[PDB]
Amino acid sequence: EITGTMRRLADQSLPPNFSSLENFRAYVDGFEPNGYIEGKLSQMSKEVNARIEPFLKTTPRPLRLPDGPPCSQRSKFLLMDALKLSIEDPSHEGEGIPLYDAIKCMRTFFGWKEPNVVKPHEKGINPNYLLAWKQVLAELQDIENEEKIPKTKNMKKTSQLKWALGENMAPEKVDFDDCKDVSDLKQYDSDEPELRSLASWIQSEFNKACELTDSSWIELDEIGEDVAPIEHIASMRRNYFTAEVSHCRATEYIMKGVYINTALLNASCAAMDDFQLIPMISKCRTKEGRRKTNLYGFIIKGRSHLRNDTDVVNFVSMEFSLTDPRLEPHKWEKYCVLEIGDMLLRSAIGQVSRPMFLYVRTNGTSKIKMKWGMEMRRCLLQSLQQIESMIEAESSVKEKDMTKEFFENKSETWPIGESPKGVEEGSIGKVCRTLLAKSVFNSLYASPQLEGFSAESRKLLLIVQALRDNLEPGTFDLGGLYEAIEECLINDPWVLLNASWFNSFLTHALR
Amino acid sequence: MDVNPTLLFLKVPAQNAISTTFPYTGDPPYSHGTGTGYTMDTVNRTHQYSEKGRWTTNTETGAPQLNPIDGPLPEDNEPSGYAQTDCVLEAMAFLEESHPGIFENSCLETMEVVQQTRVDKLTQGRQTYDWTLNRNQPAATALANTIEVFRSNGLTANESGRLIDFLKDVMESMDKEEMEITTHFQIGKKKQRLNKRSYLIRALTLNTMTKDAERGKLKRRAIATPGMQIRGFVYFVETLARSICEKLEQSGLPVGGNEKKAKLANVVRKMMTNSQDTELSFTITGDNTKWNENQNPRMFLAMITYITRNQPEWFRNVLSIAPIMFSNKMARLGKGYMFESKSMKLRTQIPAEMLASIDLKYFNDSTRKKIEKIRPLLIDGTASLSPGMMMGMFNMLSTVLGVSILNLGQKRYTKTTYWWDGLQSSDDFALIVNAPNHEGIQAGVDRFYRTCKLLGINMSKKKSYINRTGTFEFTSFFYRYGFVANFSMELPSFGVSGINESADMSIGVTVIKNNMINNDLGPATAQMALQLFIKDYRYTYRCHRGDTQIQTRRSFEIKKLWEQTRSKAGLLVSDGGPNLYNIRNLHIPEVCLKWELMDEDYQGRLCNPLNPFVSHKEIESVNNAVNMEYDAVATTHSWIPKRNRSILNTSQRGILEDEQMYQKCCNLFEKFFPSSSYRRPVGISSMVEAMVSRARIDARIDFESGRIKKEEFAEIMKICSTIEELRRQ
Amino acid sequence: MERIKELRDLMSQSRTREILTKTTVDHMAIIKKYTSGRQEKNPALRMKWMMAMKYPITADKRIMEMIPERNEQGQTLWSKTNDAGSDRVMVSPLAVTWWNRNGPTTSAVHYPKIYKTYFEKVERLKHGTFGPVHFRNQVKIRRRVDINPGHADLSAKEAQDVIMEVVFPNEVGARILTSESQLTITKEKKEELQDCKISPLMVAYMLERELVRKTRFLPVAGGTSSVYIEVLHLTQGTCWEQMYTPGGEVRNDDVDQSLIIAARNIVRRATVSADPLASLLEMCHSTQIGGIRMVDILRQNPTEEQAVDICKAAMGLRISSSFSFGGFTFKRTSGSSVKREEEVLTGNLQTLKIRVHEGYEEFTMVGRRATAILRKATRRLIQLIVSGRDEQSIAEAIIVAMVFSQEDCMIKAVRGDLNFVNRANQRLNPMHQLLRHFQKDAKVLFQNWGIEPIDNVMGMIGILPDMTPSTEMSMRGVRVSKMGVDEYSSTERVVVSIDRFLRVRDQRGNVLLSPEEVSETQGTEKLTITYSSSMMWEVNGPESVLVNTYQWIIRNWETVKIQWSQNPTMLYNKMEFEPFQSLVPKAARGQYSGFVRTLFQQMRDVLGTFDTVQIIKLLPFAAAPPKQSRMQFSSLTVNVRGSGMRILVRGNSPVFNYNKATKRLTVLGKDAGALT
RNA sequence: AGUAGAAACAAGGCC
RNA sequence: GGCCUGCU
């Protein structure tokens, strides 16, 4: 029985022309359909409608991209501008002590100079980066002196690293009843991100991420012995896949990111109050067959008292390179660049003696970003799954297995990028590497803008595909869809590049 | 050459490569601070889309409530929450006309469920906003605190262990002139009183938060969590709504993915093949903008009243109560706001309750406008959110209304050459409209849009499109003359689940096997998935092959175990052994697969019951991981992981001791009643009374025929008498 | 004895006294679930972040007196710190591996008994026999399929009471286990688990897994068995089939079900072929069921069903006697008989010759869902008793008996178009055509049979024309009854001959079987049928049939292109276009065929005219026998779900569109091969 | 400084 | 300097 308060609340929860729950119940129990929907439809204005605007070849316009200063590198490590020192040591993927391996990979380089600043940060204190480099070198030599190399090395807490790692920068936490009459007391800054226009360097990074290399970067685990014929077919498919994919810079980035994020997470959980030096290590395997260890640089993890999954741990990254920062300075907005050595590479005009720079920067990561970058290997799944789908979709057509023909005879060719002469097609392996690089870059440059744009451009891609299939497609508000796509292009290089790709696709389709 | 993966779509159709358009290999977008801003935004929006309605002041809560029902008709194509009661009732009437006897049977089923269901069923739930602590707390924690406070106030019918008695107590708490709660300080407690209005706003309020790990949106959205008082009525309503949706071939919410695809395929076949070639047929693959904001609970009350016609009045009232509470619901604003002074380098957390009084100098123009607009609705730190539902608490009823609108195009009610049908799951629909010409198609889609605006259901023009039949999309299922595999929704499920080692292996190989079965994952991709999962498993659990030189904190024990063992193929990947998994062996656990290769000493150590690591609490959680059923064997690798241990620094420390000793008590009861774990115990008898009586009966039956001789029987009876005397005293 | 003392110790403390006193038994779940620990939204991040700290796992406190604080290297295995809301202690993962290398040992013989289902899965897989992988299009039809392979056909609630009676005999409640199956299960299961010391909760979950039924919608092609669905990730793909035969000894019910479905399908395909017997033999050789070939089951298994008998007889084997009629199995039990080769008229005035039999004779009818006993004379019925289950079953039996009687009361009731010619233009058996006509409704046969008196002996019930029992006047000779089974089961196998069109015969000269006695029913195999042939789309349907036919002609275009030019009659008379021939009008089959053949002929005659699209489109229409004509066609109708979809001769269509840019062909929206 | 993007982190509280 | 916390 409903009684008391919950009866009154019942009387105030009905349509507006009723005053009692019992009268409403009686009206419903007596209600019999007598053509009400049609009547109110006749009364409703005819301006409220869903007129279908046809969608033709001339209908879709290009996507507008934002205007502003060019976009700068966001990745946590260098992608194409990275350098490797090597020692050729027979040590498997993890079978070593990172600091001892790093010392061995650094001892093999001669040509070190007194470091000086080349491209300043422009917002920081470059002498602090200089002192941090010198401190790293001093500590490495100190480790060298010690009889046994520490598994994990802590760094001294000098002013250069207190500054470069954001120490005592958070504001103090007080009670609102103790800071009311302060002038500049206000809400956190919540505005549109700064606008940034697309640049040419992201397309070159993607071009090189899709390239072959002279080493192997993926040594998978073992599996049971194959007993069924379909297991042998799957094993041959996987062997072809790994052959095509293992020599690709995308796999190198996978390994770099997995190692770096594993190391950062473990160092953050283990040493929360201390700063810690973490070498950047990756073990490849040259085509001759010798395994090689490779050092890209060093990280300096600050403190890591991370409570929420969004809390930020700051670190200082230093990476070796040969690329001059004065040819694309807008790419290195957040970087300080020193000059650290000279290198004589394999030259036929004597020896070149190109200089060797160190890209130094302050960066940060979260528990979730570390977790999600330590699992970039799923990209290999995404890519290869799509490839396998394609292959099986063709094997059903030709009643026979299609792995060998596809992967060897190279007859089939899929448009995989446009040259100035026109659209250029590639073999199944180039498609595999392209999709792998796409997934890897989705993992490296992941943002809410990417999600939003991906969805809102999937919708337009599907409308354009319906148009291409001669399925007389139509829309109800296309300018709204466009404004929803363009709402996500703000400042992210990867998203702006995807938008450029979508514009090129619309230009080359619809013909 | 410049590389462009999108150009791949110039040869492969967009549905046969749609996995490329899913960036699900990177961190999903997360919220960082308060969710007050989105709560206020949603309140102001759902009060804006119904502004031509009628205003009232509730006599019980004092809150300003906006009623848009039977309001004016919309004049433009903007969202509108002006639903018409007569049109909803006509939709229900035609629904019953097309599926006769559906409401009677659904009401009978729901009546049986109401009569059988128990209070323990409310323990199976997510976080629930406890109104005694003003804090989100696990469903069982909130239930226990509510039951305790009720018993402290005199509403003890809920001790019957029936859901309807707990609802009778919840309803009888509002007719009390003073509630009695308890608050912790520092460690002790304090008694506090709550006048009728305070308890009313606490029972009617909802908590608000930001939804993390949402894929596919640039801007964050808010979600709500209801209290304990509205969860039983909503349980009964969702039971009725599921029971109804099960009997409709046009609903899609109560079913799984594969049967969803089956329904979609059947509908597409019906509309293409059965219909003649002369008729055209077009598929609108649409979505609904601001679905929850426009779904008034008053029309859910009208629908419930229509469905429960010619039924016992008690059933009508129990099912009506939930819409009544939602119509008067309040929404907590959120965490609050953080203020930074850069010159003085300090920060400050203001709670949301202060927003009503706080000066507005500290806010940006957007927040100034939101606060100024919402302040009239603010009653004791919560905003009246009457004009519409928030984030689908009434999901199945919304699907019922959508299937009614889909059923209103059968061609018997349109009385015109065009007609339509389709499938709708709340906030997403696919509509196949058949008509003889493009004018008929346009008229059918216009009548669909308009009939959808008379029920408060708005169609998203920005995110919906119409094509010929054969190609469409529904809940990220892309149908192109047949359904197509995506595999990108299931990619984040291909790593270590994170329960324990045995569960992670089981869940990883069952996810691989399912993706091989359901989502057309290949054999080579499945083998590589095995390999990568095993790599991640070994790195996450510091369990490497044992013939390696990987130095970890747990790399020494693994070599000692490796060296002790003669047969090395019998070791588990968790103990430093090889990987014997393959396509043929995805449906077998890792302990039974290697059982015949194991050494007897290792085999007996691993599978030892006395191990201090294995603990199993209830039959529901033995082999089920949030839902992934995973067949697994209880081994020493089946440990539980550690707890947050952050309660030590907070006012709420006395919950840990209470729960440690409650677990003591429950273990003793399990000793007395062996089947306390298998079958949740039922009864009404107190703990000590049941325990002492059961022990007495056991002593009696043992004396008559069993081990117990007179001495132990007498001792047991004397001790039991002592327990009873100590209980009564 | 210990537990009551523990209870005195808990009751001694006042606070525990209030917990025990106030809490009711219904709330046992709530306080069991009462915990501050929130459930982890991201368990992966919380086990990746957590596995980098010392002491990340928890264990009972007894570990403190069973494992040492450190190992030989000095690494700590457990701490003295306690979990948040528990007495349990925080321990490192090195406590687990130490337990596996130096912990107590036991006898694990119990575990195979406990986890019986998993070890049965292992044993079934280990002994299975794989075979060739067949790359072919997989028509995966989503269907509810039983996942569990040991289910005793008891529901979760139904089997929870048997589980309790086995493990927890005092806590069962009011539930009395009436059913005998549950009672046998209880006695047998109790013995095995007499002393199991794992956990009674785990023993209960064991019996749940073994006994509880489970169903799941899954895309299934073939298979549908308990043992063939657990390996559905291994047996079925998108483009590939894997022949497989689990290790477990298979039940013969499933095998015979598959034998009947296979034999039905084959017989149907044989009827419409050009040479039914040759095609039937080649298909039975080229097909297999559950891995085992079809010939093996056909020689070993005795099973009674029309298609199995036709198949067996085609292999020159013994075949069960006791001739059948209208799908029912008749056994004569008295009298002789001779045919007469006579002539008569109908009620619709159509003249017909038939063979009427001599002598008084009794028969023992048998069937799938009915049974009857009959006594008759030359052209005259004497008596009929029936034993059907449902009323329409008795109606079927009665109309079958009336047709068998050959009475003029039935001959003067035939009304309408009943043409005795098959889809293949084969004259049809008259008896089966009458029996199919009187199966829509036999009203006229009932009002035209006659009436007699009855003695009201035995209290027998009267007959019903339209559900009207008449206990004093009733149909002449016809009786009402309901036996449990036929007189007796016939098992005497005879020798037979077969015509090309599968008209089985006996040593005397009478007829014994025919493709009209096989059911018109379409079933779903229990074991995966590996009907190996180029055409596997025998029962797939018209859309699949069309797409796959065009796919075949694309794939084999290299030899059809030269067979189309040289020796085309063996390309039209080809075993691959017979499913397509099942489609396309029955009347315009010949007109369409002749049309297309004349097109192809005048396309070959004049030089400089060749369109591969036209040939690949119009070849499936030239299969049929050619009927001449003088007219021409702009389209060709094909039946799909009762609707005539039109295929355009000139140009593309929704059923046939060839993109000239990417060279893909598309049937019904489905790719059907690249064209060269 | 940096991460990040409609609000936050750049440690928090208790002696 | 010592201790408490890392979703509260």
# chains A, B, ... in the order shown; residues from 1 in each chain; ligands from 1
>>> interface_residues(of="chain A", to="chain C", cutoff="12 Å", atoms="only C-alpha atoms", output="PyMOL selection string")
chain A and resi 226-234+261-272+306-309+366-375+388-402+412-414+468-471+511
>>> residues_around(residues="residue E:8", least_positions_apart="5", cutoff="10 Å", atoms="only C-alpha atoms (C1' of nucleotides)", output="list in words")
residues 135, 136, 137, 644, 646, 647, 649, 650 and 652 of chain B; 36 and 38 of chain C
>>> write_last_selection(atoms="N, CA, C and O atoms", output="PDB file, in the first residue's frame")
ATOM      1  N   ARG B 135      28.762   8.623   0.391  1.00  0.00           N
ATOM      2  CA  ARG B 135      29.942   8.093  -0.285  1.00  0.00           C
ATOM      3  C   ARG B 135      29.582   6.886  -1.135  1.00  0.00           C
ATOM      4  O   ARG B 135      28.761   6.064  -0.734  1.00  0.00           O
ATOM      5  N   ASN B 136      30.181   6.795  -2.319  1.00  0.00           N
ATOM      6  CA  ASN B 136      30.039   5.587  -3.121  1.00  0.00           C
ATOM      7  C   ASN B 136      30.649   4.404  -2.382  1.00  0.00           C
ATOM      8  O   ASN B 136      31.798   4.466  -1.935  1.00  0.00           O
ATOM      9  N   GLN B 137      29.886   3.324  -2.252  1.00  0.00           N
ATOM     10  CA  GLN B 137      30.335   2.153  -1.522  1.00  0.00           C
ATOM     11  C   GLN B 137      29.828   0.911  -2.238  1.00  0.00           C
ATOM     12  O   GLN B 137      28.798   0.967  -2.921  1.00  0.00           O
ATOM     13  N   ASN B 644      43.740  -2.326  -1.351  1.00  0.00           N
ATOM     14  CA  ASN B 644      44.176  -0.950  -1.567  1.00  0.00           C
ATOM     15  C   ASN B 644      44.957  -0.413  -0.375  1.00  0.00           C
ATOM     16  O   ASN B 644      45.986   0.253  -0.549  1.00  0.00           O
ATOM     17  N   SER B 646      44.515   1.929   1.561  1.00  0.00           N
ATOM     18  CA  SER B 646      44.493   3.381   1.673  1.00  0.00           C
ATOM     19  C   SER B 646      43.494   3.887   2.704  1.00  0.00           C
ATOM     20  O   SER B 646      43.462   5.093   2.974  1.00  0.00           O
ATOM     21  N   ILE B 647      42.681   3.001   3.282  1.00  0.00           N
ATOM     22  CA  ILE B 647      41.740   3.387   4.326  1.00  0.00           C
ATOM     23  C   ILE B 647      42.426   3.739   5.636  1.00  0.00           C
ATOM     24  O   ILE B 647      41.801   4.348   6.512  1.00  0.00           O
ATOM     25  N   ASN B 649      44.536   6.003   6.318  1.00  0.00           N
ATOM     26  CA  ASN B 649      44.745   7.440   6.487  1.00  0.00           C
ATOM     27  C   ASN B 649      43.454   8.253   6.514  1.00  0.00           C
ATOM     28  O   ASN B 649      43.512   9.486   6.497  1.00  0.00           O
ATOM     29  N   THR B 650      42.301   7.598   6.552  1.00  0.00           N
ATOM     30  CA  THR B 650      40.999   8.233   6.417  1.00  0.00           C
ATOM     31  C   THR B 650      40.190   8.049   7.694  1.00  0.00           C
ATOM     32  O   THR B 650      40.578   7.322   8.598  1.00  0.00           O
ATOM     33  N   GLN B 652      37.342   6.615   7.997  1.00  0.00           N
ATOM     34  CA  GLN B 652      36.736   5.280   7.955  1.00  0.00           C
ATOM     35  C   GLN B 652      37.631   4.066   8.238  1.00  0.00           C
ATOM     36  O   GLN B 652      37.678   3.143   7.418  1.00  0.00           O
TER      37      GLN B 652
ATOM     38  N   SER C  36      35.425  -3.050   2.299  1.00  0.00           N
ATOM     39  CA  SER C  36      35.824  -1.745   1.783  1.00  0.00           C
ATOM     40  C   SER C  36      36.460  -1.860   0.403  1.00  0.00           C
ATOM     41  O   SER C  36      36.305  -0.954  -0.424  1.00  0.00           O
ATOM     42  N   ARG C  38      37.112  -1.890  -3.078  1.00  0.00           N
ATOM     43  CA  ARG C  38      36.377  -1.715  -4.319  1.00  0.00           C
ATOM     44  C   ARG C  38      36.940  -2.623  -5.405  1.00  0.00           C
ATOM     45  O   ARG C  38      38.135  -2.928  -5.434  1.00  0.00           O
TER      46      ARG C  38
END
>>> select_by_dssp(residues="stretch 371-519 of chain C", states="helix (DSSP H, G or I)", output="VMD selection string")
chain C and resid 391 to 405 408 to 411 430 to 437 443 to 449 457 to 459
>>> write_last_selection(atoms="C-alpha atoms", output="PDB file, in the first residue's frame")
ATOM      1  CA  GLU C 391      -5.097 -36.500 -34.037  1.00  0.00           C
ATOM      2  CA  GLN C 392      -3.431 -35.456 -37.296  1.00  0.00           C
ATOM      3  CA  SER C 393      -1.258 -38.574 -37.011  1.00  0.00           C
ATOM      4  CA  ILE C 394      -4.407 -40.710 -36.930  1.00  0.00           C
ATOM      5  CA  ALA C 395      -5.724 -38.673 -39.866  1.00  0.00           C
ATOM      6  CA  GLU C 396      -2.554 -39.384 -41.851  1.00  0.00           C
ATOM      7  CA  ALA C 397      -2.753 -43.091 -41.026  1.00  0.00           C
ATOM      8  CA  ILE C 398      -6.430 -43.199 -41.993  1.00  0.00           C
ATOM      9  CA  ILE C 399      -5.942 -41.455 -45.338  1.00  0.00           C
ATOM     10  CA  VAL C 400      -2.964 -43.713 -46.080  1.00  0.00           C
ATOM     11  CA  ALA C 401      -5.116 -46.759 -45.324  1.00  0.00           C
ATOM     12  CA  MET C 402      -7.959 -45.419 -47.470  1.00  0.00           C
ATOM     13  CA  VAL C 403      -5.576 -44.892 -50.391  1.00  0.00           C
ATOM     14  CA  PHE C 404      -4.122 -48.376 -49.873  1.00  0.00           C
ATOM     15  CA  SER C 405      -7.646 -49.809 -50.024  1.00  0.00           C
ATOM     16  CA  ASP C 408     -13.915 -46.449 -55.627  1.00  0.00           C
ATOM     17  CA  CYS C 409     -15.073 -44.219 -52.765  1.00  0.00           C
ATOM     18  CA  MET C 410     -11.539 -42.780 -52.939  1.00  0.00           C
ATOM     19  CA  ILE C 411     -11.280 -42.807 -56.738  1.00  0.00           C
ATOM     20  CA  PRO C 430       0.112 -42.657 -59.001  1.00  0.00           C
ATOM     21  CA  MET C 431      -0.252 -43.910 -55.437  1.00  0.00           C
ATOM     22  CA  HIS C 432       2.157 -41.347 -53.984  1.00  0.00           C
ATOM     23  CA  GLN C 433       0.460 -38.561 -55.929  1.00  0.00           C
ATOM     24  CA  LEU C 434      -2.958 -39.489 -54.548  1.00  0.00           C
ATOM     25  CA  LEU C 435      -1.447 -39.799 -51.060  1.00  0.00           C
ATOM     26  CA  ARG C 436       0.146 -36.349 -51.377  1.00  0.00           C
ATOM     27  CA  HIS C 437      -3.122 -34.864 -52.648  1.00  0.00           C
ATOM     28  CA  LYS C 443     -12.643 -33.915 -46.502  1.00  0.00           C
ATOM     29  CA  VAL C 444     -14.112 -35.381 -49.687  1.00  0.00           C
ATOM     30  CA  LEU C 445     -12.674 -38.799 -48.886  1.00  0.00           C
ATOM     31  CA  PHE C 446     -14.465 -38.660 -45.521  1.00  0.00           C
ATOM     32  CA  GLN C 447     -17.881 -37.581 -46.809  1.00  0.00           C
ATOM     33  CA  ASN C 448     -17.624 -40.134 -49.669  1.00  0.00           C
ATOM     34  CA  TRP C 449     -16.412 -43.287 -47.883  1.00  0.00           C
ATOM     35  CA  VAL C 457     -18.532 -53.801 -28.414  1.00  0.00           C
ATOM     36  CA  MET C 458     -15.694 -53.082 -25.949  1.00  0.00           C
ATOM     37  CA  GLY C 459     -16.938 -49.509 -25.430  1.00  0.00           C
TER      38      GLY C 459
END
>>> interface_residues(of="chain D", to="chain A", cutoff="8 Å", atoms="only C-alpha atoms (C1' of nucleotides)", output="PDB file with C-alpha atoms (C1' of nucleotides), in the first residue's frame")
ATOM      1  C1'   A D   1      59.738  23.829 -17.005  1.00  0.00           C
ATOM      2  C1'   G D   2      56.941  19.515 -18.439  1.00  0.00           C
ATOM      3  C1'   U D   3      52.609  15.974 -19.010  1.00  0.00           C
ATOM      4  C1'   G D   5      43.346  19.509 -22.178  1.00  0.00           C
ATOM      5  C1'   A D   6      36.966  21.944 -20.558  1.00  0.00           C
ATOM      6  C1'   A D   7      40.546  19.929 -15.001  1.00  0.00           C
ATOM      7  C1'   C D   9      49.279  16.097 -12.004  1.00  0.00           C
ATOM      8  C1'   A D  10      53.841  18.390 -11.072  1.00  0.00           C
ATOM      9  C1'   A D  11      53.054  13.919  -3.579  1.00  0.00           C
TER      10        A D  11
END
>>> atom_distance(atom1="atom CA of residue A:441", atom2="atom CA of residue A:101")
28.6 Å
>>> closest_atom_pairs(of="chain B", to="chain D", cutoff="10 Å", atoms="only C-alpha atoms (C1' of nucleotides)", output="Markdown table")
| residue | atom | partner | partner_atom | distance |
| --- | --- | --- | --- | --- |
| B:31 | CA | D:7 | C1' | 8.0 |
| B:32 | CA | D:8 | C1' | 4.9 |
| B:33 | CA | D:7 | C1' | 4.9 |
| B:34 | CA | D:7 | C1' | 6.8 |
| B:35 | CA | D:7 | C1' | 8.8 |
| B:37 | CA | D:6 | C1' | 8.3 |
| B:38 | CA | D:6 | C1' | 9.2 |
| B:219 | CA | D:6 | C1' | 8.2 |
| B:220 | CA | D:6 | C1' | 8.8 |
| B:337 | CA | D:7 | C1' | 8.6 |
| B:338 | CA | D:7 | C1' | 8.2 |
| B:366 | CA | D:6 | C1' | 9.4 |
| B:367 | CA | D:6 | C1' | 9.9 |
| B:649 | CA | D:13 | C1' | 6.9 |
| B:650 | CA | D:13 | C1' | 8.7 |
>>> residues_around(residues="residue C:577", least_positions_apart="2", cutoff="9 Å", atoms="only C-alpha atoms (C1' of nucleotides)", output="NGL selection string")
:C and (549 or 572-575 or 579-582 or 619-624)
>>> closest_residue(among="C:64, C:89, C:193, C:108", to="chain B", atoms="only C-alpha atoms")
C:108
>>> residues_around(residues="residue A:285", least_positions_apart="2", cutoff="9 Å", atoms="only C-alpha atoms (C1' of nucleotides)", output="PDB file with C-alpha atoms, in the first residue's frame")
ATOM      1  CA  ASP A 214      69.148  -4.574 -41.566  1.00  0.00           C
ATOM      2  CA  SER A 215      68.241  -6.367 -38.329  1.00  0.00           C
ATOM      3  CA  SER A 216      65.567  -8.487 -36.658  1.00  0.00           C
ATOM      4  CA  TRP A 217      63.489  -6.970 -33.867  1.00  0.00           C
ATOM      5  CA  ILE A 218      60.990  -9.652 -32.745  1.00  0.00           C
ATOM      6  CA  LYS A 283      68.510  -6.157 -28.725  1.00  0.00           C
ATOM      7  CA  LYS A 287      70.822 -10.775 -41.019  1.00  0.00           C
ATOM      8  CA  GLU A 288      74.183 -12.544 -40.679  1.00  0.00           C
ATOM      9  CA  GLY A 289      72.823 -14.005 -37.440  1.00  0.00           C
ATOM     10  CA  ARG A 290      74.816 -12.394 -34.648  1.00  0.00           C
ATOM     11  CA  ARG A 291      72.664 -10.795 -31.969  1.00  0.00           C
ATOM     12  CA  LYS A 292      73.395  -7.172 -31.088  1.00  0.00           C
ATOM     13  CA  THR A 293      72.566  -4.862 -28.197  1.00  0.00           C
TER      14      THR A 293
END
>>> select_by_dssp(residues="stretch 166-336 of chain C", states="strand (DSSP E)", output="MDAnalysis selection string")
chainID C and resid 215:220 240:242 288:289 292:293 319:320 324:325 328:329 332:334
>>> interface_residues(of="chain E", to="chain A", cutoff="12 Å", atoms="only C-alpha atoms (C1' of nucleotides)", output="ChimeraX atom specification")
/E:5-8
>>> decode(residues="stretch 397-404 of chain C", atoms="N, CA, C and O atoms", output="JSON list (two decimals), in the first residue's frame")
[["chain", "number", "residue", "atom", "x", "y", "z"],
["C", 397, "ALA", "N", -2.66, -41.64, -40.93],
["C", 397, "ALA", "CA", -2.75, -43.09, -41.03],
["C", 397, "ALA", "C", -4.05, -43.51, -41.72],
["C", 397, "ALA", "O", -4.05, -44.44, -42.53],
["C", 398, "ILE", "N", -5.14, -42.80, -41.44],
["C", 398, "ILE", "CA", -6.43, -43.20, -41.99],
["C", 398, "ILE", "C", -6.47, -42.91, -43.49],
["C", 398, "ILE", "O", -6.97, -43.72, -44.27],
["C", 399, "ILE", "N", -5.95, -41.76, -43.91],
["C", 399, "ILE", "CA", -5.94, -41.45, -45.34],
["C", 399, "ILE", "C", -5.00, -42.40, -46.08],
["C", 399, "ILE", "O", -5.28, -42.82, -47.21],
["C", 400, "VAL", "N", -3.88, -42.76, -45.46],
["C", 400, "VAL", "CA", -2.96, -43.71, -46.08],
["C", 400, "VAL", "C", -3.67, -45.05, -46.26],
["C", 400, "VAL", "O", -3.56, -45.69, -47.32],
["C", 401, "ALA", "N", -4.39, -45.50, -45.24],
["C", 401, "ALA", "CA", -5.12, -46.76, -45.32],
["C", 401, "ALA", "C", -6.22, -46.70, -46.38],
["C", 401, "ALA", "O", -6.44, -47.66, -47.12],
["C", 402, "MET", "N", -6.90, -45.55, -46.47],
["C", 402, "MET", "CA", -7.96, -45.42, -47.47],
["C", 402, "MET", "C", -7.38, -45.49, -48.87],
["C", 402, "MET", "O", -7.95, -46.13, -49.76],
["C", 403, "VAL", "N", -6.24, -44.83, -49.09],
["C", 403, "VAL", "CA", -5.58, -44.89, -50.39],
["C", 403, "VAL", "C", -5.13, -46.32, -50.70],
["C", 403, "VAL", "O", -5.31, -46.82, -51.81],
["C", 404, "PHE", "N", -4.53, -46.99, -49.71],
["C", 404, "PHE", "CA", -4.12, -48.38, -49.87],
["C", 404, "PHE", "C", -5.30, -49.28, -50.22],
["C", 404, "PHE", "O", -5.12, -50.30, -50.90]]
